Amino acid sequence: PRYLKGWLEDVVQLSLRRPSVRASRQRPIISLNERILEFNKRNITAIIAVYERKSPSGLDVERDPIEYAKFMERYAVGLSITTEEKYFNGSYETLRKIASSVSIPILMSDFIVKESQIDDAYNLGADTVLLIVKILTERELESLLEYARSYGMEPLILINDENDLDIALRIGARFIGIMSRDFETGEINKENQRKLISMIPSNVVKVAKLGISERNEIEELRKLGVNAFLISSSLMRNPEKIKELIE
């Protein structure tokens, strides 16, 4: 991994030692990026609803994962399950249960630094994984992209700035997430997110990552070429908001 500071360095070290699972998935991969493109054709706003109890951004709640997932199955293009334990209060069992409770595609959301974490995602039923440019060297990111693809996954490669984008495009990312919160400052920076979106070629499926959001903002971003929205806090706090965000 990169040499990092603070909580991000800590979560990387923890991830390096994450024990792997032994499990068999129950169905083939369903492509998340392809379903997004289907929703786009039909002008159905494509929201990837996040299940996570906690975040360093300030979310800290309890909610039954299966009840949340079954509600979201009706509306969301896919679900993202944050499996990082220490900072996000996630778990592999949470992913397993959700992926086994609904029919729509599943993103595993964690700090992936080794191949066995991709094995874990696949074996627990996820359809794809998040890879984060900032935490990996370019060589590591390239290798993990290839490894995900060897399972039939197209990972969601998460960028925070132009430097991250340069790397992601060079290695041929086809599914890019654009953060709204800055790793360096801890602050929401919506202007930077829109700039980055405008730098991504049309052949890449683009996902805007958001905690709080509102329908107005979704419409504007869609206008700018965003294909889908990865939304956490506001849906964890009020699940029914997704209906207003897509209608």
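Note that residue numbering follows the sequence shown and begins at 1.
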Mean Cα B-factor check, 195-203 vs 63-71, entry values; winner is 195-203
Tell me which stretch, 20-28 or 232-240, has the higher mean Cα B-factor listed in the entry. 20-28
Consider only the C-alpha atoms of the modelled residues in this chain, order them by B-factor as the entry records it, and name the third containing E146: lowest, middle or highest. highest
By the entry's values, the third containing the CA B factor of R222 is the highest
Assigned third (lowest, middle, highest) for the C-alpha B factor of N189: highest
Of the three thirds of the chain ranked by Cα temperature factor, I171 occupies the highest
Among all modelled residues of this chain, ranked by Cα B factor, put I212 in the bottom, middle or top third, i.e. lowest, middle or highest. highest
